[PDB]
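Breakdown of the fold
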Protein chains: 4
Amino acid sequence: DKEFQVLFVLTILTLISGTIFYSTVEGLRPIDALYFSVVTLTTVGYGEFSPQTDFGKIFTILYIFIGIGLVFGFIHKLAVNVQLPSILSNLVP
Amino acid sequence: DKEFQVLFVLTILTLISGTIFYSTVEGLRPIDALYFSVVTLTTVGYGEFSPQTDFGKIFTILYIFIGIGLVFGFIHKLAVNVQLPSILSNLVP
Amino acid sequence: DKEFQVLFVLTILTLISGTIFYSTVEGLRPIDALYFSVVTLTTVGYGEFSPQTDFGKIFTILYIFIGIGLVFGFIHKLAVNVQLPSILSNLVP
Amino acid sequence: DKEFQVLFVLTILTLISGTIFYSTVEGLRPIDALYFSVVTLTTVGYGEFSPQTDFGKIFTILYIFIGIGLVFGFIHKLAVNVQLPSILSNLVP
Ligand SMILES: [K+]
Ligand SMILES: [K+]
Ligand SMILES: [K+]
Ligand SMILES: [K+]
């Protein structure tokens, strides 16, 4: 549960970093920057927003490599250590 | 096999939730909303439909984090506990 | 190595099925249909081609759920049982 | 740590190959070709750049199958053998 908290905070900080970057460099609204960061790191990739600048493209490359591991790490812990036990508890009437 | 049934039902409910949300908030046809929900949670992300409203964007963020774990959990069980044995059984003439 | 061969053939058959479906229902050139099938099941999802018909959308939903498991199963075996040993062998001068 | 170095170099070479291919065949700027290669192999798939030629489509199919395993292998090692210990070390004041 300390592992979950840590992954939770790391995920938030990572996404705040993306939000700051894309709003600054690609000129997105903060909400759009946050959304883009999430859709990128979860690898959903809508692409409706996609970096138009080389700085944006280079950062996105680095961001994916460093960020995917921590985002999926958090999702995996969320699924196995949080959602799994919760659904199980519901199954005992 | 009770695990498969549970993951099956959770996946259906999750997708129904997405269908309801996107048809309501983003104004998609139910079929398009369902399709969008699936393409989002499996992380395929065509993006032909992509949320235009901030409510849509914020929900999609939360939906991905909560939904990916249960959708891939179902796919993984479907693959290992259902498809794997089926193909194996076919390989004995 | 029989496991690799089986996953290889299952992957080919799965992709041929997608090729047939999308060329028929969505009217894509066979090459475009094959490409779409691959980009869908590997979850890359360019979306340049994305189903315009409801039949196309419903099939794509089912196709993803049934196909992702077998495609990633093949990729995983290709990586661990084929590429891994190959690169290792190269590392001994 | 020799495993990390090897996966690091293999990832670089794989991406250089993609950069060369897409700039040549699809006529992309090298930076755009590199970006496309990364967004493809990590399966993010923005699709803003998507192959217009059949040669491009066929290569992309083969590239995904051969490349995904080595890119995610590198990401996984980066996450578990590099990022994991680093964050842990930060947690001891
Ligand atoms: K993906
Ligand atoms: K994707
Ligand atoms: K995508
Ligand atoms: K896309």
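Residues numbered from 1 in each chain as written, not as in the entry; some residues may be left out. Chains lettered and ligands numbered in written order. Heavy atoms only, no water.

This paragraph deals with the coordination of the potassium ion (ligand 3). Each protein donor to the potassium ion (ligand 3) is listed here as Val-44 of chain A (O), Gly-45 of chain A (O), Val-44 of chain B (O), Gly-45 of chain B (O), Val-44 of chain C (O), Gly-45 of chain C (O), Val-44 of chain D (O) and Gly-45 of chain D (O); together their distances run 3.1 to 3.2 Å. In this structure, the potassium ion (ligand 3) lies 3.1 Å from the potassium ion (ligand 2), and both are coordinated by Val-44 of chain A. Both residues of the pair, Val-44 of chain A and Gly-45 of chain A, count as buried. (Donors = N, O, S within 2.8 Å, 3.2 Å for Na, K, Ca; no water. Buried < 20%, exposed > 50% of the residue type's maximum accessible area, 1.4 Å probe, protein only.)

Bringing the environment of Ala-33 of chain D into the picture now. Residues and elements named next belong to chain D. Note that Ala-33 resides in helix α2 (residues 30-41). Given the relative accessible area of 0%, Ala-33 is considered buried. Residues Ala-33 and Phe-55, 22 residues apart in the sequence, show an inter-C-alpha distance of 15 Å. Among all residues touching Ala-33, those that are not within four sequence positions of it are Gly-18, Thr-19, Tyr-22, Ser-23 and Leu-28. (Helix = DSSP H or I, 4+ residues; strand = E, 2+ residues; numbered from the N terminus. Contact = heavy atoms within 4.5 Å.)

Here the focus is the UniProt feature "transmembrane region" (unreviewed entry) in chain A. Residue and element names in this part refer to chain A. Residues annotated in UniProt with the feature "transmembrane region" (unreviewed entry) correspond here to residues 6-25 and 55-75. For residues 6-25, helix accounts for 100% and strand for 0%, while the C-alpha atoms at its two ends are 28 Å apart. Between the end C-alpha atoms of residues 55-75 the distance is 28 Å, and the span holds 100% helix and 0% strand. (UniProt positions renumbered as here; feature names shortened; annotations may be inferred.)

The next thing to look at is the interface of chain A and chain D. By a frequent convention, interface size equals the accessible area lost on bringing the separate parts together. Contact with chain A, which involves 22 residues of that partner, is made by 24 residues of chain D. Summing both sides of the interface, chain A and chain D together bury roughly 1800 Å²; the carbon and sulfur share of this comes to 71%. Broken down residue by residue, the surface that chain A buries against chain D is led by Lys-57, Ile-61 and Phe-65 of chain A, which jointly contribute 34%. Counting the contacts that link chain A with chain D gives two salt bridges. One salt bridge in this structure joins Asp-54 of chain A and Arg-29 of chain D, with 2.8 Å as the shortest N-O distance. At the surface where chain A touches chain D, the tally comes to five residue pairs in polar contact. Broken down by secondary-structure element, the contributors of at least two residues to the side of chain A that touches chain D are α1 (2-25), α2 (30-41) and α3 (54-90) of chain A. A per-element tally of the side of chain A that touches chain D places α3 of chain A first, with 10 residues. (Buried area = accessible area lost by both parts, 1.4 Å probe. Salt bridge = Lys/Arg side-chain N within 4 Å of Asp/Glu carboxyl O. Polar contact = N/O pair within 3.5 Å; in protein donor to acceptor, adjacent residues only side chain to side chain.)

Protein coordination at the potassium ion (ligand 4) comes from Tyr-46 of chain A (O), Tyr-46 of chain B (O), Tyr-46 of chain C (O) and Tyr-46 of chain D (O), with a distance range of 3.0 Å. Separating the potassium ion (ligand 4) from the potassium ion (ligand 3) is a gap of 3.2 Å. Residue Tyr-46 of chain A is located in the loop between α2 and α3, and its partner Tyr-46 of chain C is located in the loop between α2 (30-41) and α3 (54-90); the two belong to separate chains. We note that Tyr-46 of chain A, like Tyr-46 of chain C, is buried.

What follows deals with the UniProt feature "domain: Potassium channel" (unreviewed entry) in chain A. Those places that UniProt annotates as "domain: Potassium channel" (unreviewed entry) correspond, in this numbering, to residues 10-80 of chain A. Span residues 10-80 of chain A is 77% helix and 0% strand, its end C-alpha atoms 18 Å apart.

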